[PDB]
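*Asks:* Just the starting chains for now, same placement as in the complex:
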Amino acid sequence: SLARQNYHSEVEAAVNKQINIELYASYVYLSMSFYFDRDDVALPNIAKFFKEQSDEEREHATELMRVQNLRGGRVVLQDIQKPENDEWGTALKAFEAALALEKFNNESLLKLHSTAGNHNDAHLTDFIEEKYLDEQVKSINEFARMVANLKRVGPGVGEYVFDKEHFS
């Protein structure tokens, strides 16, 4: 690359690892979205919410691919593993699993930021701080509030009222 400058190989490898992590999270959210679309579950606003989350994680992966091309590195793709479960239980269990996934993703992003800071890469630490860390903190807070409200309303008619009211 004629454009490559102050971009070490360890940082390039860590960016490729984060790309695979974002693609796996997108595929997990797609699985959850079509679990709540089943005819014996039938909570359509929750399914639409998880479909939007899947699209957002795919956008995160493509923006990391774009900055990898911008700095003069090379994108190397790996296999995307299938999700851990085919069915996700009640709505409370699914939102708790989603919260755990968001926290795992936040820990991976902080490790990537630490590697880029150790190799004195100012542009990439600023990129990560501007586009990923604040969005991840807000996503974790949103899922924690939804878990608290699902614990409040309880099963049955509270779950129906939550599906009708929380996403409009």
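*Replies:* Received, thanks. Residues are numbered from 1 along each chain as shown, chains lettered A, B, ... in the order given.
*Asks:* three-state assignment of the residue of chain A lying at maximal distance from its centre?
*Replies:* Note on chain A: the largest C-alpha distance from the chain mean falls to residue A:2, namely 32.9 Å (CA atoms, centre = their mean). Residue A:2 falls in the coil class when you classify it by DSSP: H, G, I helix; E, B strand; the rest coil.
*Asks:* Relative to residue A:72, how far out is it?
*Replies:* 8 Å (CB to CB, to the nearest Å). No exception for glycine: its C-beta is placed from N, CA and C like everyone else's.
*Asks:* now swap in residue A:64 and tell me
*Replies:* With the distance defined as CB to CB, residue A:64 ends up 15 Å from residue A:72.
*Asks:* higher neighbour count, these two?
*Replies:* Neighbours of residue A:64 and residue A:72, each counted by other CB atoms under 10 Å, are more numerous for residue A:64; the result is 24 against 13.
*Asks:* what are the phi and psi angles of the closest residue to that one other than its chain neighbours?
*Replies:* The shortest distance from residue A:64 to any residue that is not its chain neighbour, by CB to CB, 6 or more residues apart in numbering, is 5.0 Å, and that residue is residue A:19. Here is the backbone geometry of residue A:19 (degrees, to the nearest 10): phi -60, psi -50.
*Asks:* can I assume residue A:19 is in contact with residue A:67?
*Replies:* No: contact between residue A:19 and residue A:67 fails when scored by CB atoms under 8 Å: they sit 10.2 Å apart.
*Asks:* So between those two, which is more surrounded?
*Replies:* When residue A:19 and residue A:67 are compared for neighbours, residue A:19 comes out ahead with 21 against 15, by other CB under 10 Å.
*Asks:* Report the contact partners of that one.
*Replies:* The neighbourhood of residue A:19, defined by CB atoms under 8 Å, 6 or more residues apart in numbering, consists of A:61, A:64-65, A:68, A:75, A:77.
*Asks:* Closest one of those residues to residue A:10?
*Replies:* Out of those, the one with the shortest distance to residue A:10 is residue A:68. That distance is 13.6 Å, counting by CB to CB.
*Asks:* Chain B comes next; put it on the structure above:
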Amino acid sequence: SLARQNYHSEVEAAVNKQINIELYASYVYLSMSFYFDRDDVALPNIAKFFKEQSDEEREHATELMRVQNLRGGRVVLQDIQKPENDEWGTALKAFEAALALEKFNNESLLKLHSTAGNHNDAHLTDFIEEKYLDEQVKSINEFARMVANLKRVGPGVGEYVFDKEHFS
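*Replies:* The block that follows adds chain B to the chains above:
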């Protein structure tokens, strides 16, 4: 008929049978609609929904009459039997009976499609596949989702919330 071509008599008889089946389904949905309009039941959005379903089944019967005239056959009408019940119980029992009626209608439509396929009638198999089979699959899925939500919300205030929220 000057227009009749590749239209056997068995297919004509099966089309007349399907016309009577659609008219019976319309009259059953009219009975359900005015059961939920009673002053001691008083669920108006469910009653409006079943009135719309009755109008839709009448439209299905008239479109079958129109294609019978289009192919050069002759419409032969029979008696329309009264519905099996005068009162339909709770909302869950009524929607379960409606789901069973939709599945019976789907089985009759598949038998008509099989007869038209056995007599090498390409236009009528394409007509049935385009206008009836996909609509019937979507109707069965809609009634199954409504049965699942009525099992979720339970009786009483859940039934009131279902009547207020599900059809708007």
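*Asks:* follow-up on the earlier one: for the residue farthest from the centre of chain A, give its distance to residue A:13.
*Replies:* Distance of residue A:2 to residue A:13, computed by CB to CB: 21 Å.
*Asks:* How about the residues of chain A by chain B?
*Replies:* Chain A has residues A:39-42, A:156-157, A:159-161, A:164 near chain B, with proximity defined as CB under 8 Å from any CB of the partner chain.
*Asks:* Repeat the analysis, applying 6 Å as the threshold.
*Replies:* Residues of chain A lying close to chain B (CB under 6 Å from any CB of the partner chain) are A:39-40, A:42, A:156-157, A:160, A:164.
*Asks:* ok, of the residues you listed, which one's closest to residue B:132?
*Replies:* Here the nearest of those to residue B:132, counting by CB to CB, is residue A:39; it sits at 20.6 Å.
*Asks:* Now that closest one: phi and psi?
*Replies:* Phi and psi for residue A:39, reported as degrees, to the nearest 10, are phi -80, psi -20.
*Asks:* Contact partners for it?
*Replies:* Contacts for residue A:39 were tallied using CB atoms under 6 Å, 6 or more residues apart in numbering or on different chains; they are B:141, B:144-145.
*Asks:* Give me the buried subset of the residues you listed.
*Replies:* A residue is treated as buried here by neighbour count (16 or more other CB atoms under 10 Å in any protein chain shown); on that basis the buried members of the contacts of residue A:39 are B:144-145.
*Asks:* separation between residue A:71 and residue B:41?
*Replies:* Distance from residue A:71 to residue B:41, by CB to CB: 68 Å.
*Asks:* Look at the two and report which has more neighbours.
*Replies:* For residue A:71 and residue B:41, the more surrounded residue by other CB atoms under 10 Å in any protein chain shown is residue A:71, and the numbers stand at 19 against 15.
*Asks:* Which residue, other than its chain neighbours, is closest to the more buried one?
*Replies:* residue A:7 (4.8 Å; CB to CB, 6 or more residues apart in numbering or on different chains).
*Asks:* give me the element the one you found is part of.
*Replies:* When elements are defined using DSSP states H and E, residue A:7 is found to belong to no helix and no strand.
*Asks:* also put chain C on there:
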Amino acid sequence: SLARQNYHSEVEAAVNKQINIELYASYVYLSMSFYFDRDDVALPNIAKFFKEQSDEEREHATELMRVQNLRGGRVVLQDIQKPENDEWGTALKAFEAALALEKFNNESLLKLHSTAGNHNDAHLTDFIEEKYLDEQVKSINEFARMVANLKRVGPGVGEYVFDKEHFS
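*Replies:* With chain C added, the chains above now look like this:
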């Protein structure tokens, strides 16, 4: 019913009888509408007219069901008999049979009004007078004028001119 007041059982039975009469008239007009849609008859404006008449008779039956629920009675449905003929001859014969059907319906409505008057039911006699008797008189007059014009124009080109001009 908590709402029932000054509504005797004989009046309720007569209202159910009138409901079945209106549904039978709707099904007769549907048969006439699809007779004139045949490819060897081919008078489309007459067929559209009889389709509108069928929809109107269905509306009459549903309004009687609504007032039965309003007064606190219970709707009891019966079988709908098939029409007397499959084919209706010339246009003059069909309009004469339609005129005879309208006069039969008017005689049934007058008998219902007489029963409600004998049982001192002021609301139902006023309902019948405001919604059914004047409309029935106007319908009989319209069919008599159409029979007179069909006798005037004669068969053939007069029938074609009648179909093109009378309903626009």
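*Asks:* In light of the added chain C, please revisit the contacts of residue A:19.
*Replies:* Under the criterion of CB under 6 Å, 6+ apart, the neighbours of residue A:19 are A:61, A:64.
*Asks:* how close does it sit to chain B?
*Replies:* In this structure, residue A:19 lies at 37 Å from chain B, with CB to the nearest CB, to the nearest Å as the measure.
*Asks:* Pull up the gap between that residue and residue B:35, please.
*Replies:* Using CB to CB, which is the criterion applied here, residue A:19 is 59 Å from residue B:35.
*Asks:* Kindly report the same for residue A:81.
*Replies:* Separation of residue A:81 from residue B:35 (CB to CB): 53 Å.
*Asks:* For stretch A:36-50, buried residues please.
*Replies:* For stretch A:36-50, the neighbour count (16+ other CB under 10 Å) marks A:36-37, A:41-43, A:46-47, A:49-50 as buried.
*Asks:* for that stretch, how far is the first residue from the last?
*Replies:* When the termini of stretch A:36-50 are compared using CA to CA, to the nearest Å, they are 9 Å apart.
*Asks:* Ok, stretch A:151-164 next?
*Replies:* Across stretch A:151-164, first to last residue, CA to CA, it's 16 Å.
*Asks:* Now do the same contact list for whatever residue of chain A ends up closest to chain C.
*Replies:* Residue nearest to chain C within chain A (CB to the nearest CB): residue A:157, separated by 27.1 Å. When contacts are counted by CB under 6 Å, 6+ apart, residue A:157 touches B:153, B:158.
*Asks:* and what of residue A:132?
*Replies:* With contact set as CB under 6 Å, 6+ apart, residue A:132 has these partners: residue A:109.
*Asks:* Assumed it was part of a helix.
*Replies:* Yes: assignment of residue A:132 by three-state DSSP places it within a helix.
*Asks:* Pull up the gap between it and chain B, please.
*Replies:* Counting by CB to the nearest CB, the separation of residue A:132 from chain B is 37 Å.
*Asks:* follow-up on the earlier one: compare residue A:81 and residue B:35 (neighbour count), which wins?
*Replies:* Each of residue A:81 and residue B:35 has its neighbours counted (other CB under 10 Å); residue B:35 has more, 23 against 11.
*Asks:* So that one sits against residue B:88, correct?
*Replies:* Yes: shown here, residue B:35 and residue B:88 form a contact pair, counting by CB atoms under 6 Å, at 5.1 Å.
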